[PDB]
C-alpha cells in the first residue's frame, strides 16, 4: 500500500477556562509541563500515535470560551470529546452539567466523551484535603461520568504527568473499540 495509517481521529478538548486543557495537550505531546508562557489554545496538532495493534493519525483541537449567543466550528468532524473539569473547582464540575452537556447534546449528539478531572496533584495533596470539607472525590467524578453518559472517567495531573497519556490513549480506544 501507499498508506500504512488509514484512520484519522479528531479529538476535541473542551471544559471551563483555566481547568488545564492546554497544559494537558502540551504535556501529552511534549512530555513537559509549561512553567512560563502558556497559550490560550494549543496549536492545532496532528501526529501518528501507536495504540494497540495500530497506528492512527490523531488530530488534537484545543478550545477557549467565547461569549457567543448565536447558538463552534472546532466541533465539526469530532470523533470524540475530552471534557475537562478541575478536581478543585466545584463550579467547573457543576458546569459540566449546566453548560457543557447541554452544549454537546445540541451540537454533537452522537459523539462519545472522555470525562477528565484535572489537577490531581492538588486534589490528592493532603494539605489541601485537610482544609476542605467537601472535596471532589474519585467517587463524585465517577457519579458525574454516569450522569452524563461519558465512556470513561480519568483523573490526571499535567504537573506530575500522572495519567495524561491515559487520557488520549483512552480517547483513541473509545473511538476504535465497538
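Positions refer to the first chain, counted from 1.
The modelled chain is continuous from residue 106 to residue 107, since every residue of the deposited sequence in that stretch has coordinates. According to the PDB record, 132-140 carries the higher mean C-alpha B-factor of the two stretches 117-125 and 132-140. A summary of the deposited B-factors shows that, of 158-166 and 16-24, the stretch with the larger mean C-alpha value is 158-166. Set against one another, the Cα B-factors of 48, 29, 40, 66 in the record reach their highest point at 66.
When the C-alpha B-factors of 82, 73, 78, 87 are read from the PDB record, the largest value belongs to 73.
Placement of the Cα temperature factor of residue 3 within the chain: highest third of the modelled residues, per the deposited record.
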